[PDB]
């Protein structure tokens, strides 16, 4: 009955978190069936506890992602600041507890996410391993 995104949302809800930020391309593909290596660019899947998800990708990937996902996809061209684009595109960025994949995120991306999101980050990686 439960989809993989349903399982993420159940986990968030159990742990009083409004949002998971999924960054590992392997996890994005696992959860959604969209397979993308962003290389050095930004990709994040935003799995809200009680809203539809959104995927943020380089602009080049928006058409393909949109063709295989049934929730909103948005992106950025290289002349745009991706942190500003995320902030402008997401309605909700004040979430007290946010889950993210600490084994995947580098400190640079973590610092970027911290410029967008007001809240405390917790580690999603153990749950992702448990799912698989």
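Positions refer to the first chain, counted from 1.
Higher mean CA temperature factor, per the PDB entry, when comparing 37 to 45 with 87 to 95: 87 to 95.
Look at the C-alpha B-factors of 50 to 58 and of 63 to 71. On average they run higher in 63 to 71. Placement of the Cα temperature factor of residue 106 within the chain: lowest third of the modelled residues, per the deposited record. In this PDB entry, residue 119 carries a Cα temperature factor that places it within the highest third of its chain's modelled residues.
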